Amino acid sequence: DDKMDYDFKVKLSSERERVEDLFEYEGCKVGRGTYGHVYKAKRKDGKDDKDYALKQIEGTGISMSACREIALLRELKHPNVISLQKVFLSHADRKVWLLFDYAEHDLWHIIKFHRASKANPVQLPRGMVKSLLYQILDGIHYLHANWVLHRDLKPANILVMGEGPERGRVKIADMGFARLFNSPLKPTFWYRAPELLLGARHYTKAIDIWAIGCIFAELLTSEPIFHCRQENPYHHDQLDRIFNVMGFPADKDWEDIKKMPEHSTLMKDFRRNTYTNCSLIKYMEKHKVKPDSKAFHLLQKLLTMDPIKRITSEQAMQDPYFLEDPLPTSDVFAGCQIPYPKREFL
């Protein structure tokens, strides 16, 4: 700026750490997104040897989305929630870089691995599933107690630390930090709560918990419980999938459903009789999960159709499932070898 003090300007520029001087990352892209691209990065100034994740925020400047993501990451600190290490503001291109510890694994790739072994195992260490679930709930609970919602929870967003000091530790990542007016109506559906599909106007704690329920059904079976063809909040076939698994809610199960904007469309399109022999029990039995297991009863509390009847994250952490043998381990791999491959470089 012509009329911004020169000395100040050159002094800040002399001292300003630039991402490209401190990290080697070109060619090492490991993820893409509308939100921004992620690189595996190693530290040039070799006083370190761990891997790091560099997120380059999409677009230029500080958008409302960027501003909120920096603002909240800057404050949040929990072992089960990805931890911002550093922000780089690159003044030449007005690009923003965020620095995280690198996480080798995630549940999208872990689950896909076990599903591959069904062609030719379902989560080998005994308490891996339990341990994963417990840590997901722990970190979601931290966010919920800070009145921070995730709003886009799914297996790809549940990272898992590999070899290192945090081996086997879950790291919830990629919160949806900006949603205008906290609205899902503003610019897959497999993890979306039924109230969303019937036109809920706001994200809630309970919508996150449904997604956790879906992830937990997927860890027990390796299939997405609410898998649907890839064909406005109302999505008919996704509702059809939910009901084939769960059954159709009775008036008593979800009294306030009649207040949903899309309730009348649901009545136009669907009939209770279509699903009369459908239940979560029957679904999970066909995937070799016992209906009288503590695992099943917690799962059913998490996949409750009425959001107000859905258990909270804190109540789910207190569930006796986590007291039954085997206990959850801080390393979900419980000292066993990690058979999951490392990250392919996109």
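Each form is matched to the other, and the largest set of C-alpha atoms that superpose within 1.5 Å is called the rigid core. Numbering starts at 1 and follows the sequence shown.
Between 198-206 and 125-133, the larger root mean square Cα shift in 9 other deposited structures of this protein, once each structure is superposed on the rigid core, falls on 125-133. Annotation: of the segments 21-29 and 319-327, 21-29 departs further from this form in 9 other deposited structures of this protein (C-alpha atoms, root mean square over structures and residues, core superposition). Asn146, modelled here, also has coordinates in every other compared entry of this protein that models residues flanking it, well short of the third needed to call it frequently missing. In the record comparison, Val81 is modelled in each of the other entries of this protein that model the residues flanking it, with no third of them omitting it. Missing coordinates between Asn120 and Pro121 amount to 1 to 3 residues of the deposited sequence. In this entry, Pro187 and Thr188 are separated by 4 to 9 residues of the deposited sequence that lack coordinates. Legend: mean Cα B-factor per stretch from the PDB entry, 74-82 versus 173-181; the higher mean is in 173-181. If you average the C-alpha B-factors over 139-147 and over 92-100, the higher value belongs to 92-100. When the C-alpha B-factors of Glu69, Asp48, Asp306, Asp319 are ranked from the entry, the top spot goes to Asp48. In the deposited coordinates, the residue among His263, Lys154, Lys112, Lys130 with the greatest CA B-factor is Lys112.
Sort the modelled residues of the chain by CA B factor and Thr221 lands in the middle third. For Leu107, the recorded CA temperature factor ranks within the middle third of the chain's modelled residues. Sort the modelled residues of the chain by CA B factor and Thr276 lands in the highest third. Ranked by Cα temperature factor within the chain, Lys286 sits in the middle third according to the deposited record. Split the chain's modelled residues into thirds by C-alpha temperature factor. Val30 is in the highest one.
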